[PDB]
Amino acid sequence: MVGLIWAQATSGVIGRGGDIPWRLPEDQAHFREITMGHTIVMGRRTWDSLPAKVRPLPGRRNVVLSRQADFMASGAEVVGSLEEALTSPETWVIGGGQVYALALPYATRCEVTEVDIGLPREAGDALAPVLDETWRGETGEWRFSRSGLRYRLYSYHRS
């Protein structure tokens, strides 16, 4: 099982300037619950977006995708292709825009947090992957984050 997990604005923006323009504690808690114990795969820019004090994310096999043969990610595995990262019962791709697009053909689950923020797309933004008609989705109710933004969880699945 390969799953993708991300949070997006209604516009599809997931990232800007190498970081994320919101932070919902409830989304972070859901992310930790879904990924804990499993392999997490991320692009090198997403690894860079994590503060060194929080890396590697605990209780998970941290895998970083990079084309740089000598890139060092302390506490993580650095691989040159996505297929090297797929040797576990459960693998979660945790970002960013490039790696979501690369991993989508392998994926059968997407856990999506929709953030009710009006954030028009801009040049340079990272975007959520486009899900075609093979995906079926189950939506949750709109909820209030303590950060002030509404959010809801989508669970997409396909065979």
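One rule holds for the numbers: they count along the sequence shown, beginning at 1. Under this definition, the rigid core comprises the largest set of C-alpha atoms superposing within 1.5 Å between the forms.
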| query | finding |
| --- | --- |
| Higher-deviation stretch (C-alpha RMS, rigid core fit) in 4 other deposited structures of this protein, choosing from 86-94 and 105-113 | 86-94 |
| Segment of higher mean CA temperature factor, 149-157 or 4-12 | 149-157 |
| 68-76 versus 81-89 - greater average Cα B-factor per the deposited record | 81-89 |
| Residue selected from 112, 130, 57, 94 by maximal Cα B factor | 130 |
| Assigned third (lowest, middle, highest) for the C-alpha B factor of residue 43 | lowest |
| Modelled-residue ranking by C-alpha temperature factor, third containing residue 123 | middle |
| Third assignment of residue 102 from its chain's C-alpha B-factors | middle |
| Ranked against its chain, the third holding the CA B-factor of residue 52 | highest |
